[PDB]
Structures are given as C-alpha cells and as structure tokens.
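What follows is the content of query_25.cif (mmCIF, C-alpha atoms).
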```
data_structure
loop_
_atom_site.label_atom_id
_atom_site.label_comp_id
_atom_site.auth_asym_id
_atom_site.auth_seq_id
_atom_site.Cartn_x
_atom_site.Cartn_y
_atom_site.Cartn_z
CA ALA T 164 94.23 131.28 88.49
CA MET T 165 92.03 128.13 88.65
CA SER T 166 94.25 126.48 86.04
CA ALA T 167 97.10 126.55 88.54
CA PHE T 168 94.56 125.62 91.19
CA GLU T 169 93.44 122.41 89.48
CA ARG T 170 96.76 121.32 88.04
CA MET T 171 97.85 121.62 91.67
CA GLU T 172 94.80 119.61 92.75
CA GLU T 173 96.09 116.83 90.54
CA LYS T 174 99.57 117.51 91.91
CA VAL T 175 98.57 116.84 95.50
CA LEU T 176 96.34 113.86 94.76
CA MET T 177 99.16 112.32 92.71
CA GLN T 178 101.55 112.90 95.60
CA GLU T 179 99.22 111.21 98.06
CA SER T 180 98.58 108.18 95.86
CA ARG T 181 102.25 107.83 94.91
CA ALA T 182 103.31 107.87 98.55
CA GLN T 183 100.53 105.42 99.46
CA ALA T 184 101.75 103.03 96.75
CA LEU T 185 104.70 102.13 98.96
CA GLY T 186 102.29 100.28 101.23
CA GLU T 187 100.86 97.73 98.82
CA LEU T 188 104.26 97.57 97.13
CA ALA T 189 105.75 96.29 100.38
CA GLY T 190 104.57 92.93 101.83
CA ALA T 191 102.31 93.94 104.79
CA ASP T 192 99.07 94.94 102.91
CA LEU T 193 97.51 91.41 103.07
CA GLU T 194 98.34 91.16 106.80
CA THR T 195 96.51 94.36 107.76
CA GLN T 196 93.41 93.28 105.85
CA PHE T 197 93.70 89.87 107.51
CA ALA T 198 93.61 91.59 110.90
CA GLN T 199 90.68 93.80 109.89
CA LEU T 200 88.71 90.82 108.56
CA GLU T 201 89.41 88.78 111.70
CA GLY T 202 88.52 91.68 114.02
CA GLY T 203 85.51 93.14 112.24
CA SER T 204 83.15 90.97 114.25
CA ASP T 205 85.53 91.08 117.23
CA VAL T 206 84.50 94.65 118.08
CA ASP T 207 80.83 93.69 117.93
CA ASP T 208 81.69 90.49 119.79
CA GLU T 209 83.40 92.61 122.46
CA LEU T 210 80.37 94.91 122.72
CA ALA T 211 78.06 91.91 123.03
CA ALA T 212 80.29 90.36 125.71
CA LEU T 213 80.33 93.64 127.65
CA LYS T 214 76.54 93.88 127.43
CA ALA T 215 76.18 90.27 128.59
CA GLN T 216 78.52 91.00 131.50
CA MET T 217 75.76 93.24 132.91
CA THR A 110 63.22 147.23 85.40
CA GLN A 111 65.98 149.06 87.25
CA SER A 112 65.03 147.14 90.39
CA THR A 113 64.58 143.93 88.41
CA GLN A 114 68.18 144.12 87.18
CA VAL A 115 69.77 145.19 90.45
CA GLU A 116 68.13 142.11 91.97
CA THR A 117 69.86 139.69 89.52
CA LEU A 118 73.10 141.72 90.06
CA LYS A 119 72.82 141.16 93.88
CA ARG A 120 72.01 137.40 93.62
CA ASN A 121 74.96 136.75 91.31
CA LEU A 122 77.29 138.48 93.75
CA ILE A 123 76.04 136.26 96.57
CA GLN A 124 76.61 133.13 94.49
CA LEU A 125 80.19 134.05 93.65
CA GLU A 126 81.03 135.06 97.20
CA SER A 127 79.87 131.60 98.29
CA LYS A 128 81.92 129.88 95.60
CA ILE A 129 85.18 131.59 96.48
CA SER A 130 84.64 130.92 100.19
CA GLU A 131 84.25 127.19 99.58
CA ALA A 132 87.29 127.24 97.31
CA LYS A 133 89.36 128.70 100.14
CA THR A 134 88.26 126.09 102.68
CA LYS A 135 89.01 123.20 100.33
CA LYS A 136 92.39 124.82 99.68
CA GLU A 137 93.15 124.75 103.39
CA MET A 138 92.33 121.05 103.62
CA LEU A 139 94.49 120.18 100.62
CA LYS A 140 97.41 122.16 102.01
CA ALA A 141 97.09 120.01 105.12
CA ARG A 142 97.24 117.02 102.79
CA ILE A 143 100.64 118.02 101.42
CA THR A 144 101.91 118.62 104.94
CA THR A 145 101.05 115.00 105.73
CA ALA A 146 102.61 113.95 102.40
CA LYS A 147 105.88 115.61 103.35
CA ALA A 148 105.80 113.58 106.52
CA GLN A 149 104.91 110.23 104.97
CA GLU A 150 107.23 110.31 101.95
CA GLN A 151 110.14 111.57 104.13
CA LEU A 152 109.41 108.94 106.90
CA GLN A 153 108.68 105.99 104.49
CA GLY A 154 110.97 103.10 103.35
CA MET A 155 110.79 101.61 106.91
CA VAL A 156 109.55 98.01 106.19
CA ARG A 157 112.27 95.26 106.32
CA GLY A 158 111.52 94.49 102.62
CA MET A 159 113.17 97.81 101.50
CA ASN A 160 115.69 100.48 102.70
CA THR A 161 115.19 103.34 100.17
CA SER A 162 115.65 105.49 103.35
CA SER A 163 119.33 106.29 104.28
CA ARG W 56 112.82 95.96 130.40
CA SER W 57 111.10 95.00 127.16
CA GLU W 58 109.17 92.43 129.19
CA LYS W 59 108.48 95.09 131.82
CA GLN W 60 106.97 97.45 129.26
CA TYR W 61 104.85 94.62 127.85
CA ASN W 62 103.57 93.90 131.35
CA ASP W 63 102.85 97.59 131.91
CA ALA W 64 100.97 97.72 128.60
CA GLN W 65 98.84 94.75 129.67
CA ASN W 66 98.12 96.50 132.97
CA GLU W 67 97.23 99.72 131.13
CA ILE W 68 94.92 97.93 128.68
CA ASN W 69 93.26 96.29 131.67
CA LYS W 70 92.77 99.77 133.10
CA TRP W 71 91.45 101.01 129.75
CA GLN W 72 88.97 98.16 129.27
CA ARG W 73 87.79 98.87 132.81
CA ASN W 74 87.42 102.52 131.80
CA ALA W 75 85.56 101.29 128.71
CA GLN W 76 83.09 99.32 130.82
CA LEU W 77 82.80 102.38 133.06
CA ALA W 78 81.90 104.49 130.02
CA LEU W 79 79.49 101.77 128.75
CA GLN W 80 77.51 102.23 132.03
CA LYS W 81 77.41 106.09 132.45
CA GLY W 82 79.45 107.40 129.44
CA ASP W 83 78.24 108.02 125.85
CA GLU W 84 78.01 105.35 123.16
CA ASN W 85 80.35 107.30 120.87
CA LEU W 86 83.02 107.86 123.52
CA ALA W 87 82.63 104.25 124.65
CA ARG W 88 83.11 103.03 121.08
CA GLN W 89 86.22 105.20 120.72
CA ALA W 90 87.43 103.73 124.07
CA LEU W 91 86.78 100.19 122.63
CA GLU W 92 88.76 101.25 119.48
CA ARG W 93 91.75 102.41 121.60
CA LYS W 94 91.45 99.20 123.62
CA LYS W 95 91.64 96.95 120.56
CA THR W 96 94.51 99.03 119.18
CA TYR W 97 96.55 98.77 122.38
CA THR W 98 95.60 95.09 122.65
CA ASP W 99 96.89 94.25 119.18
CA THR W 100 100.00 96.24 120.09
CA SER W 101 100.41 94.13 123.23
CA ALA W 102 99.99 90.96 121.17
CA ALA W 103 102.68 92.10 118.73
CA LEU W 104 105.01 92.96 121.60
CA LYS W 105 104.44 89.51 123.11
CA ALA W 106 105.22 87.95 119.72
CA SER W 107 108.54 89.80 119.89
CA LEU W 108 108.96 88.79 123.54
CA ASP W 109 108.98 85.16 122.46
CA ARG F 56 123.38 82.26 107.62
CA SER F 57 122.19 81.38 104.13
CA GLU F 58 120.87 78.14 105.61
CA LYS F 59 119.33 80.14 108.47
CA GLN F 60 117.43 82.40 106.08
CA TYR F 61 116.23 79.36 104.12
CA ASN F 62 114.95 77.84 107.35
CA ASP F 63 113.26 81.12 108.29
CA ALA F 64 111.63 81.25 104.85
CA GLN F 65 110.29 77.73 105.33
CA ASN F 66 108.91 78.75 108.72
CA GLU F 67 107.34 81.87 107.21
CA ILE F 68 105.75 79.93 104.34
CA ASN F 69 104.37 77.52 106.91
CA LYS F 70 102.90 80.52 108.71
CA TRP F 71 101.53 81.87 105.42
CA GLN F 72 99.92 78.59 104.34
CA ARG F 73 98.36 78.46 107.80
CA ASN F 74 97.12 82.01 107.22
CA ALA F 75 95.86 80.81 103.83
CA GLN F 76 93.84 78.01 105.42
CA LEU F 77 92.62 80.55 107.97
CA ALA F 78 91.41 82.78 105.14
CA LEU F 79 89.88 79.76 103.30
CA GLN F 80 87.63 79.24 106.39
CA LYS F 81 86.51 82.85 107.28
CA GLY F 82 88.33 85.04 104.67
CA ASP F 83 87.24 85.85 101.08
CA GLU F 84 87.90 83.64 98.08
CA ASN F 85 89.79 86.41 96.29
CA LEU F 86 92.04 87.23 99.25
CA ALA F 87 92.53 83.51 99.88
CA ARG F 88 93.56 82.98 96.25
CA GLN F 89 96.00 85.88 96.48
CA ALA F 90 97.33 84.29 99.73
CA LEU F 91 97.73 80.95 97.81
CA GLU F 92 99.57 82.91 95.04
CA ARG F 93 102.00 84.46 97.57
CA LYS F 94 102.41 81.02 99.14
CA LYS F 95 103.39 79.36 95.87
CA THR F 96 105.71 82.27 95.05
CA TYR F 97 107.52 82.07 98.38
CA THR F 98 107.54 78.27 98.10
CA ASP F 99 109.24 78.29 94.70
CA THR F 100 111.66 80.83 96.17
CA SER F 101 112.39 78.46 99.05
CA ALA F 102 112.95 75.62 96.58
CA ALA F 103 115.41 77.73 94.59
CA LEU F 104 117.23 78.72 97.77
CA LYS F 105 117.49 75.05 98.77
CA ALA F 106 118.87 74.25 95.32
CA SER F 107 121.57 76.82 96.05
CA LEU F 108 121.99 75.43 99.57
CA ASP F 109 123.03 72.11 98.06
CA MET E 1 134.50 102.21 78.77
CA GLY E 2 137.38 100.46 80.44
CA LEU E 3 140.09 103.08 80.59
CA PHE E 4 137.91 105.39 82.73
CA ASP E 5 135.20 103.26 84.33
CA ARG E 6 137.75 100.84 85.75
CA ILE E 7 139.74 103.77 87.14
CA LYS E 8 136.48 104.81 88.76
CA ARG E 9 135.74 101.39 90.19
CA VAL E 10 139.22 100.79 91.59
CA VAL E 11 139.58 104.21 93.22
CA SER E 12 136.05 103.79 94.56
CA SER E 13 137.02 100.40 95.97
CA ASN E 14 139.97 101.90 97.79
CA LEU E 15 137.81 104.64 99.27
CA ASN E 16 134.91 102.37 100.24
CA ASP E 17 137.16 99.79 101.87
CA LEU E 18 138.73 102.66 103.80
CA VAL E 19 135.23 103.86 104.88
CA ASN E 20 133.89 100.37 105.83
CA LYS E 21 137.24 99.58 107.56
CA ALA E 22 136.87 102.79 109.65
CA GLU E 23 133.63 101.63 111.22
CA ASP E 24 133.25 100.26 114.75
CA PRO E 25 129.99 98.30 115.13
CA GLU E 26 129.17 99.59 118.62
CA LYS E 27 129.71 103.34 118.38
CA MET E 28 128.21 103.52 114.90
CA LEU E 29 125.24 101.47 116.06
CA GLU E 30 124.88 104.01 118.86
CA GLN E 31 124.78 106.69 116.15
CA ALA E 32 122.46 104.62 113.94
CA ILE E 33 119.49 105.49 116.14
CA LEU E 34 119.70 109.21 116.93
CA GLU E 35 119.09 109.91 113.22
CA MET E 36 115.98 107.70 112.68
CA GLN E 37 113.72 109.95 114.88
CA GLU E 38 114.31 113.19 112.83
CA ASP E 39 111.42 113.13 110.27
CA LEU E 40 109.22 111.94 113.21
CA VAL E 41 109.03 115.60 114.46
CA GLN E 42 107.78 116.94 111.13
CA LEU E 43 105.23 114.15 111.13
CA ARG E 44 103.92 115.33 114.47
CA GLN E 45 103.73 118.93 113.25
CA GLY E 46 101.90 118.06 110.05
CA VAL E 47 99.37 115.90 111.81
CA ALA E 48 98.76 118.78 114.21
CA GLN E 49 98.25 121.29 111.40
CA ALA E 50 95.81 119.14 109.45
CA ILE E 51 93.97 118.69 112.72
CA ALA E 52 93.80 122.43 113.33
CA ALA E 53 92.60 123.30 109.83
CA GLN E 54 89.84 120.63 109.93
CA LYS E 55 88.88 121.92 113.41
CA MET K 1 106.28 120.46 59.06
CA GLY K 2 108.81 118.28 60.76
CA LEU K 3 112.06 120.17 60.38
CA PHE K 4 110.68 123.16 62.33
CA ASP K 5 107.71 121.94 64.37
CA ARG K 6 109.76 119.16 65.93
CA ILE K 7 112.48 121.66 66.79
CA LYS K 8 109.72 123.64 68.47
CA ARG K 9 108.34 120.68 70.38
CA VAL K 10 111.71 119.42 71.63
CA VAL K 11 113.00 122.82 72.75
CA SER K 12 109.61 123.42 74.36
CA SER K 13 109.90 120.08 76.14
CA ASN K 14 113.27 121.02 77.57
CA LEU K 15 111.94 124.35 78.79
CA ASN K 16 108.70 122.97 80.24
CA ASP K 17 110.44 120.14 82.06
CA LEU K 18 112.81 122.74 83.49
CA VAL K 19 109.79 124.87 84.61
CA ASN K 20 107.77 121.94 86.10
CA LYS K 21 111.00 120.57 87.70
CA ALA K 22 111.58 123.99 89.37
CA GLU K 23 108.31 123.83 91.28
CA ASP K 24 107.96 123.00 94.98
CA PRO K 25 104.39 121.94 95.83
CA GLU K 26 104.22 123.78 99.16
CA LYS K 27 105.58 127.24 98.38
CA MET K 28 103.85 127.37 95.01
CA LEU K 29 100.61 126.25 96.62
CA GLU K 30 101.11 129.10 99.07
CA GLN K 31 101.37 131.40 96.04
CA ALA K 32 98.45 129.70 94.28
CA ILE K 33 95.97 131.51 96.52
CA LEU K 34 97.10 135.14 96.80
CA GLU K 35 96.33 135.54 93.08
CA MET K 36 92.76 134.09 93.03
CA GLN K 37 91.29 137.06 95.05
CA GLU K 38 92.42 139.81 92.56
CA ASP K 39 89.37 140.15 90.21
CA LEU K 40 87.24 139.87 93.42
CA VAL K 41 88.02 143.58 94.18
CA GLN K 42 86.81 144.80 90.79
CA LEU K 43 83.69 142.72 91.32
CA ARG K 44 83.01 144.56 94.55
CA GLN K 45 83.54 147.93 92.88
CA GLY K 46 81.27 147.17 89.94
CA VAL K 47 78.48 145.89 92.14
CA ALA K 48 78.78 149.09 94.16
CA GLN K 49 78.61 151.31 91.07
CA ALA K 50 75.57 149.60 89.59
CA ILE K 51 73.99 149.98 93.00
CA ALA K 52 74.74 153.71 93.11
CA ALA K 53 73.45 154.44 89.62
CA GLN K 54 70.17 152.53 90.24
CA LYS K 55 69.86 154.41 93.58
CA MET G 1 146.10 101.13 59.63
CA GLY G 2 149.22 99.93 61.36
CA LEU G 3 151.14 103.10 62.10
CA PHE G 4 148.29 104.45 64.28
CA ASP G 5 146.12 101.51 65.32
CA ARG G 6 149.12 99.62 66.68
CA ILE G 7 150.17 102.71 68.61
CA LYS G 8 146.66 102.67 70.02
CA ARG G 9 146.74 99.00 70.93
CA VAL G 10 150.15 99.08 72.59
CA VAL G 11 149.50 102.22 74.66
CA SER G 12 146.12 100.75 75.57
CA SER G 13 147.84 97.54 76.64
CA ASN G 14 150.17 99.44 78.93
CA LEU G 15 147.28 101.31 80.50
CA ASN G 16 145.01 98.27 80.88
CA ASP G 17 147.74 96.13 82.41
CA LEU G 18 148.38 98.99 84.83
CA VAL G 19 144.62 99.11 85.68
CA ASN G 20 144.17 95.30 86.05
CA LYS G 21 147.49 95.13 88.01
CA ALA G 22 146.16 97.80 90.43
CA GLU G 23 143.23 95.65 91.50
CA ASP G 24 142.99 93.74 94.78
CA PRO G 25 140.34 90.99 94.59
CA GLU G 26 138.98 91.51 98.10
CA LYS G 27 138.53 95.28 98.38
CA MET G 28 137.28 95.58 94.82
CA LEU G 29 134.88 92.71 95.41
CA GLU G 30 133.68 94.65 98.44
CA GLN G 31 133.06 97.58 96.08
CA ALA G 32 131.52 95.34 93.42
CA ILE G 33 128.28 95.11 95.39
CA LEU G 34 127.46 98.61 96.65
CA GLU G 35 126.94 99.67 93.01
CA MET G 36 124.56 96.86 91.89
CA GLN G 37 121.64 98.13 94.11
CA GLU G 38 121.50 101.68 92.54
CA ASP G 39 118.91 101.27 89.71
CA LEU G 40 116.91 99.16 92.25
CA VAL G 41 115.69 102.44 93.91
CA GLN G 42 114.35 103.89 90.66
CA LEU G 43 112.63 100.58 90.06
CA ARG G 44 110.84 100.91 93.37
CA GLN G 45 109.80 104.48 92.59
CA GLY G 46 108.47 103.66 89.13
CA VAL G 47 106.48 100.69 90.35
CA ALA G 48 104.99 102.96 93.01
CA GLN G 49 104.03 105.64 90.48
CA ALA G 50 102.37 103.25 88.05
CA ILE G 51 100.50 101.89 91.03
CA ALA G 52 99.31 105.35 92.08
CA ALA G 53 98.16 106.39 88.61
CA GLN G 54 96.20 103.13 88.10
CA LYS G 55 94.70 103.62 91.60
#
```

Written as structure tokens, that's how I'd like the structure from this file.
Amino acid sequence: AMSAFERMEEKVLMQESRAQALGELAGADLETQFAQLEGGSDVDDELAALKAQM
Amino acid sequence: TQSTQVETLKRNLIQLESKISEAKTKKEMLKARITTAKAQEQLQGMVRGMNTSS
Amino acid sequence: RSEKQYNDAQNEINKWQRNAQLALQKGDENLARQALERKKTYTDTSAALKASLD
Amino acid sequence: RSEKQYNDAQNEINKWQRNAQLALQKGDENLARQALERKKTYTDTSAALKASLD
Amino acid sequence: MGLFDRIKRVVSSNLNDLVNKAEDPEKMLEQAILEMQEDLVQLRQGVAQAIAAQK
Amino acid sequence: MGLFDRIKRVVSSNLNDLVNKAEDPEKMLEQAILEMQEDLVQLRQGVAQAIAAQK
Amino acid sequence: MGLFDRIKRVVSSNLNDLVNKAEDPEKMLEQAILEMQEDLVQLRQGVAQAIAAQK
C-alpha cells in the first residue's frame, strides 16, 4: 500500500521537476533572476520612500 | 499487568491513528500538485525559443 | 487600444499605490506588503507593455 | 529577412552585454560570468550568421 | 530504403503542398487564437483546487 | 545462467514497461488511497477485543 | 549471379526512374523541411528530464 504510495511520491516529484525543467531550458531564466536581483532592494526602497513621505 | 498492557495497546492505537491522518493530508496536497502539473505541462512550450505546443 | 490599456494600467497602478499608502497608514503591515507586492507586479507589467508599445 | 534577424541578434547581444555590465556592477560574479558566457555564445552565433550573410 | 521511403516522401509532399496551399493567412490567423486559450481553463481549475485543499 | 535468466529479464522488461506505461498518475493516485485504510478496520476490531477481555 | 541480380537491377531501375521522375523540386523541397524538426522534440524532452533528475 505504501509501496505504491512512495513510488507515486517519486512519480509526482519527477513530474514537477521535469515540467519545471522547461523553464531553465528556455532562455528567460537569467532575466527573471536579473529582475529579482535588481528589485530585491527596490521593495525595501519603496517602503523607505513611503515612510519618508510621511 | 492487565491494565499495564491495555495502556500500551491504547497508546499505540493513538500513534497509528495520527500517522494515517497525516498521510491523508499530505496525499491531498500532492494530488493538488499533479493537478497543477497537468496544467503546466499542457500549457507549456509558449516561449518564442520553442513551439513543442501545436 | 493597446496604448489605451497601457494608460489604464498606469492609472490603476496609481490607484493601487494610493491604496497601498492608505493601507500603510491604517491597514496592516502584512496586507500593506501584499499590496506593495501587487503594485510592483503590475508596475513591471506596465513597463513590459510600454516596451512593447515602443 | 535573414539580414533583419542578424541585425536583431546584434541589437540583442548589445542589450545582453549591457545587461552583463549591469550585473558586473550590482549582480553576482557567477551570474555575471554566465551572462558573459551567453554573450560570447550569441556573439559567435552572430559572427557565423554574418559569414552566411556575405 | 529508397523504393518505399521515397514513395512516402513524394506522396507526403503532394499532400503537404495541398494543405499549405489551402491556407488563407487571415481566416486561419483568426482561427489561430481561439485554440490557444483552451488549457488556460484547466489551469484555472487546478489552481483553484490546490487552493481549496491547502485552505 | 544466461540462456534462461536473460530470457527472464527481457520478457519481464517488456511486461513491466507495458504495466508502467499503462498508468495514469491521476486515476491511479485516486486508487492509491482507497486501499491504505483496509487493515485499519481490523486494527479497530482488535483494539476493541483486547479492551473487552481486559474489562 | 546474372540471371537474378540483373533482373533485380533492371526492375529497380524502372522503379527508381519512375520515383525520381515523379518529383517536383518545389513541392518536395517544401516537404523536405517539415520532417527535419521531428527528433528535435524528443531532444527537448530528454534534456528536460536529465535536468529534472539532476535537480
């Protein structure tokens, strides 16, 4: 019963990772991390600007 | 000793009830996972770099 | 019409940043942060749409 | 159109070297190096396409 | 291979020139789009269900 | 061993690829669960009986 | 060999001149390409799977 359970655990995790491979395979994975890197301090910068606008 | 044993018989039952409950909840989450996997794998191949999609 | 929808998105993100500042004053920190996460999302979307507009 | 795509590739590699210099300033060394590896790849591709263009 | 695979390729060329020849850019563009937003419904439904289970 | 054990392994590979190939994740997940709660009934009954005897 | 292999070669020559004769450069060029990008899909899928396992 748990044998089927856990082979199926591996089934679903494999499916998720295999589908997610298409992302880094295609050429837009380094652009998203660019945006995240450039905006990581932006959110805190925006919060600081809003606080200063008080 | 009768009481001593029934006690260990009652505690074990509680443990296993807990285990199967948690197994069911995790199962629900990982069925949701495959639902999302249906969606993603069937809606993927959308970047300009590939057209695996028809 | 593509330009019109871009303009409407800019107006709506203005409204949503104003709602974000409104939350920052009376609203919760968590809801405000979520409202600053939707703002940045819609703002990056507006930037992409302007890139297309060019 | 072959010439048009070559020109677009040159424009895109210009954009990507500019993104590489952007990463070199704020971004990580590893991501910058990967962005300088994609740049050289696309640049050699552009050179080959120009060779054909001749 | 020739005696069969070239039969295949030539008959396939006749059929695929027929198909591509019977293709108007405008109408078939118009029908290019309706199809794209078909797996978008299932996506909505699956997101909803994962939501509900987690909730 | 070869002449027989490799026959075994190859025919077994055909059959087990057939079996694994004829397996949809969703439906067979749905059927993964119904089975798990089968020895859970006997557990209930046995706990009850030990209880009754001790009582 | 002659009595059979020359029968083979001559009948094969009739058939392969028929085949090559029934070949228009343009349409069959048009069908030359569609086929090339067929094993390119499996390549994508395999790259993806190796990726996922390593991940």

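Put simply, atom CA of residue 67 of chain W is 18.9 Å away from atom CA of residue 206 of chain T.
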
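Pairwise distance (atom CA of residue 64 of chain F, atom CA of residue 97 of chain F) equals 7.7 Å.
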
What's around segment 27-43 of chain E at 7 Å? Count all atoms listed in the file, leave out sequence neighbours fewer than 4 positions away in its own chain, and write the answer as a ChimeraX atom specification. /A:145,148,151-152 /E:23,47

Enclosing box along x, y and z for every listed atom of segment 21-37 of chain K, padded 5 Å each side, centre and size in Å, one decimal, as lines of an AutoDock Vina configuration file:
```
center_x = 101.4
center_y = 128.8
center_z = 93.4
size_x = 30.3
size_y = 26.5
size_z = 21.5
```

Using the chain letters and numbers from the file, which residues does the PyMOL selection byres ((chain T) within 10 of (chain F)) grab, as a CSV table (one decimal) with C-alpha atoms, keeping the file's coordinate frame?
```
chain,number,residue,atom,x,y,z
T,190,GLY,CA,104.6,92.9,101.8
T,193,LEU,CA,97.5,91.4,103.1
T,194,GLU,CA,98.3,91.2,106.8
T,196,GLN,CA,93.4,93.3,105.8
T,197,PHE,CA,93.7,89.9,107.5
T,200,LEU,CA,88.7,90.8,108.6
T,201,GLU,CA,89.4,88.8,111.7
```

For the file shown, report as a PyMOL selection string the outcome of the PyMOL selection byres ((chain E and resi 48-53) around 7) at residue level. (chain A and resi 137-138+141) or (chain E and resi 44-47+54-55)

Output check: residues returned by the PyMOL selection byres ((chain G and resi 7-18) around 12), as a PyMOL selection string: (chain E and resi 1-7+10) or (chain G and resi 1-6+19-23)

Define the interface residues of chain A facing chain T as those within 9 Å, counting all atoms listed in the file, and report them as a PyMOL selection string. chain A and resi 136+139-140+142-143+145-146+149-150+153-154+156-159

Is it possible to see chain E as an mmCIF file with C-alpha atoms, keeping the file's coordinate frame, once it has been laid onto chain K by a least-squares fit on every C-alpha atom in order?
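Dumped to part.cif:
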```cif
data_model
loop_
_atom_site.group_PDB
_atom_site.id
_atom_site.type_symbol
_atom_site.label_atom_id
_atom_site.label_comp_id
_atom_site.auth_asym_id
_atom_site.auth_seq_id
_atom_site.Cartn_x
_atom_site.Cartn_y
_atom_site.Cartn_z
ATOM 1 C CA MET E 1 106.273 120.462 59.054
ATOM 2 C CA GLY E 2 108.814 118.274 60.756
ATOM 3 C CA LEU E 3 112.057 120.164 60.384
ATOM 4 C CA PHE E 4 110.678 123.160 62.331
ATOM 5 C CA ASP E 5 107.711 121.942 64.369
ATOM 6 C CA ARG E 6 109.754 119.159 65.934
ATOM 7 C CA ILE E 7 112.487 121.663 66.792
ATOM 8 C CA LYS E 8 109.721 123.635 68.462
ATOM 9 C CA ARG E 9 108.348 120.681 70.379
ATOM 10 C CA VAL E 10 111.710 119.425 71.624
ATOM 11 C CA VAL E 11 113.000 122.821 72.757
ATOM 12 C CA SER E 12 109.609 123.420 74.362
ATOM 13 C CA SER E 13 109.897 120.080 76.147
ATOM 14 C CA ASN E 14 113.270 121.024 77.561
ATOM 15 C CA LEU E 15 111.948 124.354 78.796
ATOM 16 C CA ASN E 16 108.706 122.976 80.241
ATOM 17 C CA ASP E 17 110.441 120.134 82.055
ATOM 18 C CA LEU E 18 112.804 122.743 83.482
ATOM 19 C CA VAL E 19 109.791 124.866 84.612
ATOM 20 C CA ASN E 20 107.776 121.933 86.101
ATOM 21 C CA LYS E 21 111.000 120.564 87.706
ATOM 22 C CA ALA E 22 111.577 123.986 89.368
ATOM 23 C CA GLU E 23 108.317 123.827 91.281
ATOM 24 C CA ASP E 24 107.961 123.003 94.979
ATOM 25 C CA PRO E 25 104.387 121.942 95.822
ATOM 26 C CA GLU E 26 104.215 123.782 99.154
ATOM 27 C CA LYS E 27 105.582 127.239 98.383
ATOM 28 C CA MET E 28 103.847 127.375 95.012
ATOM 29 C CA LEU E 29 100.605 126.247 96.620
ATOM 30 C CA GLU E 30 101.103 129.102 99.074
ATOM 31 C CA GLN E 31 101.373 131.399 96.043
ATOM 32 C CA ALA E 32 98.442 129.709 94.280
ATOM 33 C CA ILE E 33 95.971 131.515 96.528
ATOM 34 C CA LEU E 34 97.107 135.140 96.800
ATOM 35 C CA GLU E 35 96.332 135.537 93.076
ATOM 36 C CA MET E 36 92.760 134.094 93.033
ATOM 37 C CA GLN E 37 91.295 137.058 95.052
ATOM 38 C CA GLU E 38 92.423 139.804 92.555
ATOM 39 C CA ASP E 39 89.372 140.149 90.214
ATOM 40 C CA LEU E 40 87.240 139.868 93.420
ATOM 41 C CA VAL E 41 88.018 143.584 94.181
ATOM 42 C CA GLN E 42 86.806 144.796 90.788
ATOM 43 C CA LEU E 43 83.693 142.720 91.321
ATOM 44 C CA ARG E 44 83.007 144.555 94.550
ATOM 45 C CA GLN E 45 83.541 147.931 92.876
ATOM 46 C CA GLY E 46 81.269 147.167 89.942
ATOM 47 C CA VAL E 47 78.484 145.896 92.131
ATOM 48 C CA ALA E 48 78.782 149.093 94.160
ATOM 49 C CA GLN E 49 78.606 151.313 91.078
ATOM 50 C CA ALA E 50 75.565 149.605 89.590
ATOM 51 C CA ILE E 51 73.983 149.989 93.001
ATOM 52 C CA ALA E 52 74.738 153.704 93.117
ATOM 53 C CA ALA E 53 73.451 154.431 89.615
ATOM 54 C CA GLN E 54 70.171 152.533 90.245
ATOM 55 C CA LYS E 55 69.863 154.406 93.575
#
```

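Interatomic distance, atom CA of residue 24 of chain E against atom CA of residue 160 of chain A: 21.3 Å.
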
Restrict the output to segment 72-100 of chain W and C-alpha atoms, then write it as an mmCIF file, in the first residue's frame.
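What follows is the written file out12.cif:
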```cif
data_model
loop_
_atom_site.group_PDB
_atom_site.id
_atom_site.type_symbol
_atom_site.label_atom_id
_atom_site.label_comp_id
_atom_site.auth_asym_id
_atom_site.auth_seq_id
_atom_site.Cartn_x
_atom_site.Cartn_y
_atom_site.Cartn_z
ATOM 1 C CA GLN W 72 -0.136 52.575 -4.854
ATOM 2 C CA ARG W 73 -2.512 55.124 -3.362
ATOM 3 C CA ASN W 74 -4.408 52.220 -1.791
ATOM 4 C CA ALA W 75 -1.034 50.908 -0.601
ATOM 5 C CA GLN W 76 -0.209 54.192 1.124
ATOM 6 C CA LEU W 77 -3.739 54.149 2.545
ATOM 7 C CA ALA W 78 -3.087 50.692 3.994
ATOM 8 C CA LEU W 79 0.380 51.780 5.258
ATOM 9 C CA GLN W 80 -1.425 54.425 7.411
ATOM 10 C CA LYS W 81 -4.444 52.459 8.856
ATOM 11 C CA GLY W 82 -4.098 48.950 7.275
ATOM 12 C CA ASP W 83 -1.938 46.011 8.473
ATOM 13 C CA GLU W 84 1.735 45.562 7.653
ATOM 14 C CA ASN W 85 1.082 42.173 6.043
ATOM 15 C CA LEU W 86 -1.774 43.403 3.845
ATOM 16 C CA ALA W 87 0.237 46.520 3.005
ATOM 17 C CA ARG W 88 3.219 44.381 1.979
ATOM 18 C CA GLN W 89 0.963 42.219 -0.192
ATOM 19 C CA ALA W 90 -0.434 45.479 -1.699
ATOM 20 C CA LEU W 91 3.211 46.603 -2.378
ATOM 21 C CA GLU W 92 3.839 43.149 -3.999
ATOM 22 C CA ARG W 93 0.797 43.540 -6.307
ATOM 23 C CA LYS W 94 1.932 47.095 -7.049
ATOM 24 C CA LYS W 95 5.411 46.027 -8.138
ATOM 25 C CA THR W 96 3.936 43.164 -10.167
ATOM 26 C CA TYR W 97 1.515 45.425 -12.035
ATOM 27 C CA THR W 98 4.280 48.021 -12.402
ATOM 28 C CA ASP W 99 6.683 45.582 -14.049
ATOM 29 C CA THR W 100 3.761 44.523 -16.238
#
```
